[PDB]
């Protein structure tokens, strides 16, 4: 049972198309894995949840990763308090594009740094994985941001941790 006057954390999920932003978000809120791909324009989700025994409202904005779906993405990102930058470990181009999203966040928010976590998704796909844990920790250290590996597929790996850790980053800044 949630408390009373809670703060709201606006978390924005960004990354290339098909990396699993929506599957992670839907796993996090509805606790299922959606296997069929439907590109996002924009969707949002809200929950009351307790993180480190402090009650929070998480407003999660899921953004478009496909170029032709990306109208208004900057404005939606502009409202965020923190970001999950997601790439797929099976998709080399999605990993390379982490720098572009990192740069986009700082430019949209006009800051030299900003709460963000690097999310390496789809690690359940062992035989297709192209980006190693090492490359991932290296990208995160380069940008001085946390690193986390996730899987939206059942049984889900680190999905709640990714979102909760992003709130921690926001609180702890």
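Positions refer to the first chain, counted from 1.
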query: 17-25 or 160-168, whichever carries the higher mean Cα B-factor; finding: 160-168
query: Comparing 149-157 with 5-13, the one whose average Cα B-factor in the PDB entry is higher; finding: 5-13
query: Out of 124, 38, 112, 42, highest CA B-factor residue; finding: 112
query: 34, 119, 108, 61, ranked by C-alpha B-factor: the highest one; finding: 108
query: Cα B factor band for residue 30 (lowest, middle or highest third within the chain); finding: lowest
query: Ranked C-alpha temperature factor of residue 79 among modelled chain residues, by third; finding: highest
query: Chain third (lowest, middle, highest) by recorded CA B-factor, residue given as residue 103; finding: highest
